[PDB]
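upload15.pdb (PDB, N, CA and C atoms)
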```pdb
ATOM      1  N   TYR A 351      30.482   5.820 -14.368
ATOM      2  CA  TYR A 351      31.497   6.594 -15.065
ATOM      3  C   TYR A 351      31.653   6.164 -16.516
ATOM      4  N   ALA A 352      31.179   4.974 -16.871
ATOM      5  CA  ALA A 352      31.316   4.428 -18.218
ATOM      6  C   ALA A 352      29.966   3.958 -18.742
ATOM      7  N   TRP A 353      28.957   4.819 -18.627
ATOM      8  CA  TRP A 353      27.601   4.483 -19.048
ATOM      9  C   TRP A 353      27.531   4.058 -20.510
ATOM     10  N   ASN A 354      26.694   3.055 -20.785
ATOM     11  CA  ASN A 354      26.558   2.535 -22.141
ATOM     12  C   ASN A 354      25.288   3.061 -22.791
ATOM     13  N   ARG A 355      25.384   3.369 -24.081
ATOM     14  CA  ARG A 355      24.331   4.089 -24.782
ATOM     15  C   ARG A 355      23.850   3.228 -25.945
ATOM     16  N   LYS A 356      22.577   2.838 -25.912
ATOM     17  CA  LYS A 356      22.008   1.905 -26.869
ATOM     18  C   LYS A 356      20.810   2.548 -27.552
ATOM     19  N   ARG A 357      20.625   2.200 -28.820
ATOM     20  CA  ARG A 357      19.584   2.770 -29.657
ATOM     21  C   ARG A 357      18.304   1.954 -29.574
ATOM     22  N   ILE A 358      17.173   2.641 -29.725
ATOM     23  CA  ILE A 358      15.895   2.007 -30.002
ATOM     24  C   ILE A 358      15.234   2.781 -31.136
ATOM     25  N   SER A 359      14.966   2.086 -32.244
ATOM     26  CA  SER A 359      14.394   2.701 -33.437
ATOM     27  C   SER A 359      13.769   1.624 -34.314
ATOM     28  N   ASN A 360      12.852   2.064 -35.184
ATOM     29  CA  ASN A 360      12.224   1.209 -36.199
ATOM     30  C   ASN A 360      11.561  -0.013 -35.579
ATOM     31  N   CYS A 361      10.978   0.162 -34.400
ATOM     32  CA  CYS A 361      10.509  -0.959 -33.607
ATOM     33  C   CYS A 361       9.204  -0.599 -32.920
ATOM     34  N   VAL A 362       8.462  -1.631 -32.542
ATOM     35  CA  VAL A 362       7.222  -1.471 -31.796
ATOM     36  C   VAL A 362       7.346  -2.235 -30.487
ATOM     37  N   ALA A 363       6.826  -1.644 -29.427
ATOM     38  CA  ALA A 363       6.981  -2.153 -28.072
ATOM     39  C   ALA A 363       5.622  -2.229 -27.388
ATOM     40  N   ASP A 364       5.656  -2.447 -26.076
ATOM     41  CA  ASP A 364       4.467  -2.390 -25.224
ATOM     42  C   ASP A 364       4.957  -1.996 -23.834
ATOM     43  N   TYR A 365       4.914  -0.701 -23.540
ATOM     44  CA  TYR A 365       5.467  -0.179 -22.291
ATOM     45  C   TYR A 365       4.719  -0.653 -21.067
ATOM     46  N   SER A 366       3.707  -1.503 -21.247
ATOM     47  CA  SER A 366       3.040  -2.111 -20.104
ATOM     48  C   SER A 366       3.986  -3.026 -19.337
ATOM     49  N   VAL A 367       4.799  -3.805 -20.056
ATOM     50  CA  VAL A 367       5.568  -4.878 -19.430
ATOM     51  C   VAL A 367       6.534  -4.316 -18.397
ATOM     52  N   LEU A 368       7.233  -3.238 -18.745
ATOM     53  CA  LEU A 368       8.215  -2.681 -17.827
ATOM     54  C   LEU A 368       7.528  -2.100 -16.597
ATOM     55  N   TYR A 369       6.451  -1.342 -16.804
ATOM     56  CA  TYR A 369       5.819  -0.633 -15.696
ATOM     57  C   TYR A 369       5.145  -1.597 -14.727
ATOM     58  N   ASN A 370       4.342  -2.530 -15.247
ATOM     59  CA  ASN A 370       3.497  -3.327 -14.363
ATOM     60  C   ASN A 370       4.308  -4.346 -13.573
ATOM     61  N   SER A 371       5.385  -4.869 -14.158
ATOM     62  CA  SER A 371       6.175  -5.894 -13.490
ATOM     63  C   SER A 371       6.781  -5.336 -12.211
ATOM     64  N   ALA A 372       6.613  -6.073 -11.113
ATOM     65  CA  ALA A 372       7.095  -5.623  -9.814
ATOM     66  C   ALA A 372       8.609  -5.695  -9.684
ATOM     67  N   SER A 373       9.296  -6.348 -10.624
ATOM     68  CA  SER A 373      10.751  -6.418 -10.556
ATOM     69  C   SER A 373      11.371  -5.030 -10.638
ATOM     70  N   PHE A 374      10.874  -4.190 -11.544
ATOM     71  CA  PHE A 374      11.319  -2.804 -11.640
ATOM     72  C   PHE A 374      10.530  -1.974 -10.634
ATOM     73  N   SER A 375      11.159  -1.650  -9.506
ATOM     74  CA  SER A 375      10.461  -1.011  -8.398
ATOM     75  C   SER A 375      10.544   0.511  -8.450
ATOM     76  N   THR A 376      11.743   1.060  -8.642
ATOM     77  CA  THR A 376      11.968   2.503  -8.605
ATOM     78  C   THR A 376      11.551   3.098  -9.946
ATOM     79  N   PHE A 377      10.479   3.888  -9.931
ATOM     80  CA  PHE A 377       9.810   4.338 -11.143
ATOM     81  C   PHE A 377       9.493   5.821 -11.012
ATOM     82  N   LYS A 378       9.896   6.610 -12.010
ATOM     83  CA  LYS A 378       9.683   8.054 -11.986
ATOM     84  C   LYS A 378       9.985   8.622 -13.366
ATOM     85  N   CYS A 379       9.045   9.383 -13.934
ATOM     86  CA  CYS A 379       9.189   9.872 -15.302
ATOM     87  C   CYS A 379       8.937  11.368 -15.385
ATOM     88  N   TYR A 380       9.822  12.087 -16.086
ATOM     89  CA  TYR A 380       9.852  13.541 -16.044
ATOM     90  C   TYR A 380       9.171  14.085 -17.292
ATOM     91  N   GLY A 381       7.927  14.522 -17.144
ATOM     92  CA  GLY A 381       7.174  15.076 -18.246
ATOM     93  C   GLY A 381       6.307  14.099 -19.005
ATOM     94  N   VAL A 382       6.283  12.830 -18.609
ATOM     95  CA  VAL A 382       5.491  11.820 -19.301
ATOM     96  C   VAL A 382       4.790  10.958 -18.263
ATOM     97  N   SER A 383       3.489  10.740 -18.456
ATOM     98  CA  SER A 383       2.717   9.844 -17.607
ATOM     99  C   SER A 383       3.104   8.391 -17.882
ATOM    100  N   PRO A 384       3.217   7.560 -16.841
ATOM    101  CA  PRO A 384       3.576   6.152 -17.084
ATOM    102  C   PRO A 384       2.534   5.405 -17.897
ATOM    103  N   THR A 385       1.290   5.374 -17.418
ATOM    104  CA  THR A 385       0.277   4.537 -18.051
ATOM    105  C   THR A 385       0.098   4.905 -19.519
ATOM    106  N   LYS A 386       0.478   6.124 -19.891
ATOM    107  CA  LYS A 386       0.224   6.610 -21.238
ATOM    108  C   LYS A 386       1.329   6.290 -22.237
ATOM    109  N   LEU A 387       2.505   5.800 -21.816
ATOM    110  CA  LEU A 387       3.494   5.532 -22.862
ATOM    111  C   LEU A 387       3.098   4.381 -23.777
ATOM    112  N   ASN A 388       1.937   3.759 -23.565
ATOM    113  CA  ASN A 388       1.426   2.819 -24.557
ATOM    114  C   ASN A 388       1.005   3.530 -25.836
ATOM    115  N   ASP A 389       0.414   4.720 -25.720
ATOM    116  CA  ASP A 389      -0.152   5.417 -26.873
ATOM    117  C   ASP A 389       0.757   6.516 -27.396
ATOM    118  N   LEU A 390       1.461   7.217 -26.518
ATOM    119  CA  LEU A 390       2.489   8.159 -26.932
ATOM    120  C   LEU A 390       3.579   7.371 -27.642
ATOM    121  N   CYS A 391       4.059   7.881 -28.783
ATOM    122  CA  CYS A 391       5.180   7.239 -29.453
ATOM    123  C   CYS A 391       6.141   8.222 -30.102
ATOM    124  N   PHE A 392       7.417   7.855 -30.054
ATOM    125  CA  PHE A 392       8.541   8.774 -30.061
ATOM    126  C   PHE A 392       9.368   8.530 -31.312
ATOM    127  N   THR A 393      10.153   9.528 -31.711
ATOM    128  CA  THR A 393      10.920   9.391 -32.950
ATOM    129  C   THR A 393      12.049   8.383 -32.783
ATOM    130  N   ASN A 394      12.921   8.628 -31.813
ATOM    131  CA  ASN A 394      14.015   7.736 -31.473
ATOM    132  C   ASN A 394      14.122   7.646 -29.958
ATOM    133  N   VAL A 395      14.689   6.541 -29.471
ATOM    134  CA  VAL A 395      14.760   6.291 -28.038
ATOM    135  C   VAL A 395      16.200   5.955 -27.672
ATOM    136  N   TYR A 396      16.686   6.539 -26.580
ATOM    137  CA  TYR A 396      18.069   6.381 -26.164
ATOM    138  C   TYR A 396      18.070   5.711 -24.798
ATOM    139  N   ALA A 397      18.777   4.589 -24.672
ATOM    140  CA  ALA A 397      18.844   3.840 -23.422
ATOM    141  C   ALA A 397      20.262   3.906 -22.877
ATOM    142  N   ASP A 398      20.436   4.554 -21.730
ATOM    143  CA  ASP A 398      21.730   4.617 -21.066
ATOM    144  C   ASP A 398      21.707   3.696 -19.854
ATOM    145  N   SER A 399      22.732   2.861 -19.731
ATOM    146  CA  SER A 399      22.779   1.794 -18.743
ATOM    147  C   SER A 399      24.006   1.941 -17.858
ATOM    148  N   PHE A 400      23.818   1.683 -16.561
ATOM    149  CA  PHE A 400      24.914   1.592 -15.598
ATOM    150  C   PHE A 400      24.373   1.011 -14.290
TER     151      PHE A 400
ATOM    152  N   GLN B 949      -6.498  52.587 -46.079
ATOM    153  CA  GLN B 949      -5.823  51.298 -46.076
ATOM    154  C   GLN B 949      -5.238  50.956 -44.716
ATOM    155  N   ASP B 950      -4.893  51.972 -43.927
ATOM    156  CA  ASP B 950      -4.119  51.728 -42.721
ATOM    157  C   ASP B 950      -4.959  51.083 -41.626
ATOM    158  N   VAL B 951      -6.264  51.355 -41.581
ATOM    159  CA  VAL B 951      -7.098  50.689 -40.584
ATOM    160  C   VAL B 951      -7.204  49.199 -40.886
ATOM    161  N   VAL B 952      -7.379  48.841 -42.160
ATOM    162  CA  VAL B 952      -7.398  47.431 -42.535
ATOM    163  C   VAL B 952      -6.058  46.793 -42.218
ATOM    164  N   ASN B 953      -4.970  47.511 -42.494
ATOM    165  CA  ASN B 953      -3.645  46.985 -42.201
ATOM    166  C   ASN B 953      -3.505  46.702 -40.709
ATOM    167  N   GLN B 954      -3.936  47.643 -39.866
ATOM    168  CA  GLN B 954      -3.822  47.439 -38.427
ATOM    169  C   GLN B 954      -4.656  46.261 -37.961
ATOM    170  N   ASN B 955      -5.885  46.134 -38.463
ATOM    171  CA  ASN B 955      -6.744  45.051 -38.000
ATOM    172  C   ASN B 955      -6.197  43.696 -38.428
ATOM    173  N   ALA B 956      -5.703  43.604 -39.663
ATOM    174  CA  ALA B 956      -5.072  42.366 -40.097
ATOM    175  C   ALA B 956      -3.844  42.053 -39.262
ATOM    176  N   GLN B 957      -3.053  43.069 -38.912
ATOM    177  CA  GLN B 957      -1.885  42.833 -38.071
ATOM    178  C   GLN B 957      -2.290  42.314 -36.700
ATOM    179  N   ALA B 958      -3.336  42.896 -36.116
ATOM    180  CA  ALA B 958      -3.776  42.474 -34.791
ATOM    181  C   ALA B 958      -4.271  41.035 -34.810
ATOM    182  N   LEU B 959      -5.116  40.692 -35.784
ATOM    183  CA  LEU B 959      -5.586  39.312 -35.871
ATOM    184  C   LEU B 959      -4.439  38.358 -36.171
ATOM    185  N   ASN B 960      -3.482  38.788 -36.992
ATOM    186  CA  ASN B 960      -2.346  37.938 -37.314
ATOM    187  C   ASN B 960      -1.543  37.623 -36.062
ATOM    188  N   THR B 961      -1.244  38.639 -35.251
ATOM    189  CA  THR B 961      -0.476  38.363 -34.044
ATOM    190  C   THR B 961      -1.293  37.563 -33.038
ATOM    191  N   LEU B 962      -2.604  37.798 -32.970
ATOM    192  CA  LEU B 962      -3.439  37.024 -32.062
ATOM    193  C   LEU B 962      -3.401  35.547 -32.430
ATOM    194  N   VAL B 963      -3.556  35.241 -33.717
ATOM    195  CA  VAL B 963      -3.507  33.851 -34.156
ATOM    196  C   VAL B 963      -2.125  33.268 -33.918
ATOM    197  N   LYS B 964      -1.080  34.021 -34.255
ATOM    198  CA  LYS B 964       0.272  33.495 -34.133
ATOM    199  C   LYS B 964       0.637  33.236 -32.681
ATOM    200  N   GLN B 965      -0.046  33.890 -31.744
ATOM    201  CA  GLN B 965       0.196  33.604 -30.337
ATOM    202  C   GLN B 965      -0.207  32.191 -29.936
ATOM    203  N   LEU B 966      -0.948  31.471 -30.778
ATOM    204  CA  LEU B 966      -1.363  30.123 -30.411
ATOM    205  C   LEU B 966      -0.198  29.143 -30.417
ATOM    206  N   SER B 967       0.804  29.368 -31.263
ATOM    207  CA  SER B 967       1.939  28.458 -31.366
ATOM    208  C   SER B 967       2.934  28.630 -30.234
ATOM    209  N   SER B 968       2.544  29.316 -29.174
ATOM    210  CA  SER B 968       3.438  29.713 -28.102
ATOM    211  C   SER B 968       3.305  28.810 -26.884
ATOM    212  N   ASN B 969       4.448  28.406 -26.326
ATOM    213  CA  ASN B 969       4.442  27.480 -25.198
ATOM    214  C   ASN B 969       4.015  28.138 -23.894
ATOM    215  N   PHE B 970       4.450  29.372 -23.637
ATOM    216  CA  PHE B 970       4.058  30.114 -22.437
ATOM    217  C   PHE B 970       4.448  29.401 -21.152
ATOM    218  N   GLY B 971       5.589  28.721 -21.152
ATOM    219  CA  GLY B 971       6.022  28.002 -19.972
ATOM    220  C   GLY B 971       5.437  26.619 -19.823
ATOM    221  N   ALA B 972       4.767  26.108 -20.848
ATOM    222  CA  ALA B 972       4.222  24.763 -20.830
ATOM    223  C   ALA B 972       5.103  23.829 -21.650
ATOM    224  N   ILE B 973       4.817  22.532 -21.538
ATOM    225  CA  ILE B 973       5.638  21.537 -22.217
ATOM    226  C   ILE B 973       5.434  21.590 -23.725
ATOM    227  N   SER B 974       4.204  21.801 -24.185
ATOM    228  CA  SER B 974       3.957  21.881 -25.618
ATOM    229  C   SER B 974       2.776  22.801 -25.880
ATOM    230  N   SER B 975       2.850  23.518 -27.003
ATOM    231  CA  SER B 975       1.883  24.567 -27.305
ATOM    232  C   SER B 975       0.474  24.043 -27.523
ATOM    233  N   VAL B 976       0.315  22.933 -28.235
ATOM    234  CA  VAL B 976      -0.999  22.396 -28.568
ATOM    235  C   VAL B 976      -1.541  21.635 -27.368
ATOM    236  N   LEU B 977      -2.783  21.941 -26.995
ATOM    237  CA  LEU B 977      -3.315  21.489 -25.714
ATOM    238  C   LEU B 977      -3.601  19.994 -25.716
ATOM    239  N   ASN B 978      -4.099  19.464 -26.836
ATOM    240  CA  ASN B 978      -4.420  18.041 -26.881
ATOM    241  C   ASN B 978      -3.187  17.181 -26.659
ATOM    242  N   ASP B 979      -2.023  17.649 -27.099
ATOM    243  CA  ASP B 979      -0.761  16.960 -26.864
ATOM    244  C   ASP B 979      -0.544  16.772 -25.367
ATOM    245  N   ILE B 980      -0.449  17.887 -24.638
ATOM    246  CA  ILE B 980      -0.161  17.835 -23.213
ATOM    247  C   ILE B 980      -1.263  17.131 -22.444
ATOM    248  N   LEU B 981      -2.498  17.172 -22.939
ATOM    249  CA  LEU B 981      -3.570  16.447 -22.275
ATOM    250  C   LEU B 981      -3.531  14.960 -22.587
ATOM    251  N   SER B 982      -2.879  14.571 -23.679
ATOM    252  CA  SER B 982      -2.758  13.167 -24.032
ATOM    253  C   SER B 982      -1.540  12.503 -23.412
ATOM    254  N   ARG B 983      -0.486  13.261 -23.109
ATOM    255  CA  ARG B 983       0.722  12.678 -22.539
ATOM    256  C   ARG B 983       0.859  12.958 -21.046
ATOM    257  N   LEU B 984      -0.225  13.351 -20.386
ATOM    258  CA  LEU B 984      -0.170  13.592 -18.953
ATOM    259  C   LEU B 984      -1.437  13.095 -18.274
ATOM    260  N   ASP B 985      -1.293  12.742 -17.001
ATOM    261  CA  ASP B 985      -2.435  12.469 -16.155
ATOM    262  C   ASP B 985      -3.144  13.778 -15.824
ATOM    263  N   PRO B 986      -4.409  13.713 -15.422
ATOM    264  CA  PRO B 986      -5.149  14.935 -15.083
ATOM    265  C   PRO B 986      -4.457  15.780 -14.022
ATOM    266  N   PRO B 987      -3.851  15.192 -12.975
ATOM    267  CA  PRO B 987      -3.265  16.052 -11.927
ATOM    268  C   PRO B 987      -2.179  17.018 -12.392
ATOM    269  N   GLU B 988      -1.341  16.647 -13.359
ATOM    270  CA  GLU B 988      -0.305  17.555 -13.847
ATOM    271  C   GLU B 988      -0.670  18.231 -15.161
ATOM    272  N   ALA B 989      -1.461  17.560 -16.000
ATOM    273  CA  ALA B 989      -2.056  18.248 -17.134
ATOM    274  C   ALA B 989      -2.884  19.424 -16.665
ATOM    275  N   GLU B 990      -3.418  19.355 -15.445
ATOM    276  CA  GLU B 990      -4.141  20.496 -14.902
ATOM    277  C   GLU B 990      -3.213  21.692 -14.748
ATOM    278  N   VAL B 991      -1.998  21.474 -14.237
ATOM    279  CA  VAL B 991      -1.053  22.578 -14.086
ATOM    280  C   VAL B 991      -0.634  23.120 -15.448
ATOM    281  N   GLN B 992      -0.297  22.228 -16.379
ATOM    282  CA  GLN B 992       0.147  22.694 -17.692
ATOM    283  C   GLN B 992      -0.952  23.481 -18.397
ATOM    284  N   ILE B 993      -2.169  22.935 -18.417
ATOM    285  CA  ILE B 993      -3.291  23.632 -19.023
ATOM    286  C   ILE B 993      -3.571  24.931 -18.289
ATOM    287  N   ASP B 994      -3.362  24.964 -16.974
ATOM    288  CA  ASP B 994      -3.600  26.197 -16.238
ATOM    289  C   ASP B 994      -2.646  27.290 -16.691
ATOM    290  N   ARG B 995      -1.367  26.955 -16.863
ATOM    291  CA  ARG B 995      -0.430  27.961 -17.357
ATOM    292  C   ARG B 995      -0.803  28.409 -18.765
ATOM    293  N   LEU B 996      -1.168  27.458 -19.626
ATOM    294  CA  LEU B 996      -1.572  27.821 -20.978
ATOM    295  C   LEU B 996      -2.774  28.754 -20.967
ATOM    296  N   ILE B 997      -3.796  28.434 -20.175
ATOM    297  CA  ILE B 997      -4.996  29.257 -20.142
ATOM    298  C   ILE B 997      -4.679  30.639 -19.604
ATOM    299  N   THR B 998      -3.867  30.716 -18.549
ATOM    300  CA  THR B 998      -3.496  32.017 -18.009
ATOM    301  C   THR B 998      -2.869  32.885 -19.086
TER     302      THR B 998
END
```
Translate the structure of the given file into structure tokens.
Amino acid sequence: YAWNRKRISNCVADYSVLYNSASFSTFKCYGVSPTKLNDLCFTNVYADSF
Amino acid sequence: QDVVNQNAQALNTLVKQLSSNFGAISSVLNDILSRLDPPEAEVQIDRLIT
């Protein structure tokens, strides 16, 4: 009910770490392939947490 | 003049139809083929080709 909204911008990442690590188990992406977010790169990124 | 006008209009609309999504995620094919795995890029490309 009180989700937190955090920015990601002006930064470089490696989306391998999140996907491959077994700690994050429940994985599903709508319109984007997982293995490919290494090469696809986005204008701004919005992280909502709860 | 009118036959040239018609032919230019037809080619103009034919070319302009390329910028059209047609129910796909993005109009340009290399985009959708780069941000998707073959199994679902197949569906998106299939709609585009149709």
Exercise for review: Please write as a PyMOL selection string the full residue list that the PyMOL selection byres ((chain B and name CA) within 8 of (chain A and name CA)) yields on this file.
Suggested key: chain B and resi 973+982-985
Point to revise | DSSP strand (DSSP E or B) residues within chain A, as a list in words | key: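 Filtering chain A down to strand (DSSP E or B) leaves residues 354, 355, 356, 357, 358, 395, 396, 397, 398 and 399 of chain A.
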**Study point:** Computed interatomic separation between atom CA of residue 388 of chain A and atom CA of residue 363 of chain A (Å)
**Key:**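 Separation between atom CA of residue 388 of chain A and atom CA of residue 363 of chain A: 8.2 Å.
For the structure in this document, the set picked by the PyMOL selection byres (((chain B and resi 994 and name CA) around 12) and name CA) is residues 970, 971, 972, 973, 977, 980, 981, 986, 987, 988, 989, 990, 991, 992, 993, 995, 996, 997 and 998 of chain B.
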Each side padded by 4 Å, which centre and which edge lengths in Å (one decimal) define the axis-aligned box around the listed atoms of segment 380-386 of chain A? Give them as lines of an AutoDock Vina configuration file.
```
center_x = 5.0
center_y = 9.8
center_z = -19.1
size_x = 17.8
size_y = 18.5
size_z = 14.2
```
Practice item. Evaluate the PyMOL selection byres (((chain A and resi 353 and name CA) around 12) and name CA) on the structure here and hand back the selected residues as a list in words. Key: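 Evaluating the PyMOL selection byres (((chain A and resi 353 and name CA) around 12) and name CA) on these coordinates yields residues 351, 352, 354, 355, 356, 397, 398, 399 and 400 of chain A.
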Exercise for review: Assign secondary structure with DSSP using the backbone only, and return the residues of chain A in alpha helix (DSSP H) as number ranges by chain.
Suggested key: A: 366-370
Please produce a file of those selected residues containing N, CA and C atoms, as an mmCIF file, keeping the file's coordinate frame.
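See out.cif below for the written result:
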```
data_model
loop_
_atom_site.group_PDB
_atom_site.id
_atom_site.type_symbol
_atom_site.label_atom_id
_atom_site.label_comp_id
_atom_site.auth_asym_id
_atom_site.auth_seq_id
_atom_site.Cartn_x
_atom_site.Cartn_y
_atom_site.Cartn_z
ATOM 1 N N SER A 366 3.707 -1.503 -21.247
ATOM 2 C CA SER A 366 3.040 -2.111 -20.104
ATOM 3 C C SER A 366 3.986 -3.026 -19.337
ATOM 4 N N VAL A 367 4.799 -3.805 -20.056
ATOM 5 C CA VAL A 367 5.568 -4.878 -19.430
ATOM 6 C C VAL A 367 6.534 -4.316 -18.397
ATOM 7 N N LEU A 368 7.233 -3.238 -18.745
ATOM 8 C CA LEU A 368 8.215 -2.681 -17.827
ATOM 9 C C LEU A 368 7.528 -2.100 -16.597
ATOM 10 N N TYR A 369 6.451 -1.342 -16.804
ATOM 11 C CA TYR A 369 5.819 -0.633 -15.696
ATOM 12 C C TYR A 369 5.145 -1.597 -14.727
ATOM 13 N N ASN A 370 4.342 -2.530 -15.247
ATOM 14 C CA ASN A 370 3.497 -3.327 -14.363
ATOM 15 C C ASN A 370 4.308 -4.346 -13.573
#
```
Exercise for review: Just give me the gap between atom N of residue 362 of chain A and atom N of residue 396 of chain A in Å, one decimal is fine.
Suggested key: 13.0 Å
Practice item. Can you work out the spacing between atom C of residue 377 of chain A and atom C of residue 365 of chain A in Å, to one decimal? Key: 12.9 Å
Taking N, CA, C and O atoms as the atom set, what does segment 379-391 of chain A look like once completed, written as a PDB file, in the frame of the given file?
```
ATOM      1  N   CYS A 379       9.045   9.383 -13.934  1.00  0.00           N
ATOM      2  CA  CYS A 379       9.189   9.872 -15.302  1.00  0.00           C
ATOM      3  C   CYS A 379       8.937  11.368 -15.385  1.00  0.00           C
ATOM      4  O   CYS A 379       7.955  11.864 -14.826  1.00  0.00           O
ATOM      5  N   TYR A 380       9.822  12.087 -16.086  1.00  0.00           N
ATOM      6  CA  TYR A 380       9.852  13.541 -16.044  1.00  0.00           C
ATOM      7  C   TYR A 380       9.171  14.085 -17.292  1.00  0.00           C
ATOM      8  O   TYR A 380       9.770  14.117 -18.372  1.00  0.00           O
ATOM      9  N   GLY A 381       7.927  14.522 -17.144  1.00  0.00           N
ATOM     10  CA  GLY A 381       7.174  15.076 -18.246  1.00  0.00           C
ATOM     11  C   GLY A 381       6.307  14.099 -19.005  1.00  0.00           C
ATOM     12  O   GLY A 381       5.652  14.505 -19.970  1.00  0.00           O
ATOM     13  N   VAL A 382       6.283  12.830 -18.609  1.00  0.00           N
ATOM     14  CA  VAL A 382       5.491  11.820 -19.301  1.00  0.00           C
ATOM     15  C   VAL A 382       4.790  10.958 -18.263  1.00  0.00           C
ATOM     16  O   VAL A 382       5.411  10.505 -17.298  1.00  0.00           O
ATOM     17  N   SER A 383       3.489  10.740 -18.456  1.00  0.00           N
ATOM     18  CA  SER A 383       2.717   9.844 -17.607  1.00  0.00           C
ATOM     19  C   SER A 383       3.104   8.391 -17.882  1.00  0.00           C
ATOM     20  O   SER A 383       3.296   8.010 -19.038  1.00  0.00           O
ATOM     21  N   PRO A 384       3.217   7.560 -16.841  1.00  0.00           N
ATOM     22  CA  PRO A 384       3.576   6.152 -17.084  1.00  0.00           C
ATOM     23  C   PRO A 384       2.534   5.405 -17.897  1.00  0.00           C
ATOM     24  O   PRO A 384       2.831   4.908 -18.991  1.00  0.00           O
ATOM     25  N   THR A 385       1.290   5.374 -17.418  1.00  0.00           N
ATOM     26  CA  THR A 385       0.277   4.537 -18.051  1.00  0.00           C
ATOM     27  C   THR A 385       0.098   4.905 -19.519  1.00  0.00           C
ATOM     28  O   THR A 385      -0.353   4.084 -20.324  1.00  0.00           O
ATOM     29  N   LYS A 386       0.478   6.124 -19.891  1.00  0.00           N
ATOM     30  CA  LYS A 386       0.224   6.610 -21.238  1.00  0.00           C
ATOM     31  C   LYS A 386       1.329   6.290 -22.237  1.00  0.00           C
ATOM     32  O   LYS A 386       1.100   6.470 -23.441  1.00  0.00           O
ATOM     33  N   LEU A 387       2.505   5.800 -21.816  1.00  0.00           N
ATOM     34  CA  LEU A 387       3.494   5.532 -22.862  1.00  0.00           C
ATOM     35  C   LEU A 387       3.098   4.381 -23.777  1.00  0.00           C
ATOM     36  O   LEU A 387       3.871   4.046 -24.681  1.00  0.00           O
ATOM     37  N   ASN A 388       1.937   3.759 -23.565  1.00  0.00           N
ATOM     38  CA  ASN A 388       1.426   2.819 -24.557  1.00  0.00           C
ATOM     39  C   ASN A 388       1.005   3.530 -25.836  1.00  0.00           C
ATOM     40  O   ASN A 388       1.214   3.006 -26.935  1.00  0.00           O
ATOM     41  N   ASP A 389       0.414   4.720 -25.720  1.00  0.00           N
ATOM     42  CA  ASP A 389      -0.152   5.417 -26.873  1.00  0.00           C
ATOM     43  C   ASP A 389       0.757   6.516 -27.396  1.00  0.00           C
ATOM     44  O   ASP A 389       0.837   6.708 -28.609  1.00  0.00           O
ATOM     45  N   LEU A 390       1.461   7.217 -26.518  1.00  0.00           N
ATOM     46  CA  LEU A 390       2.489   8.159 -26.932  1.00  0.00           C
ATOM     47  C   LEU A 390       3.579   7.371 -27.642  1.00  0.00           C
ATOM     48  O   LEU A 390       3.971   6.293 -27.180  1.00  0.00           O
ATOM     49  N   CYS A 391       4.059   7.881 -28.783  1.00  0.00           N
ATOM     50  CA  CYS A 391       5.180   7.239 -29.453  1.00  0.00           C
ATOM     51  C   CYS A 391       6.141   8.222 -30.102  1.00  0.00           C
ATOM     52  O   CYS A 391       5.742   9.261 -30.630  1.00  0.00           O
TER      53      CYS A 391
END
```
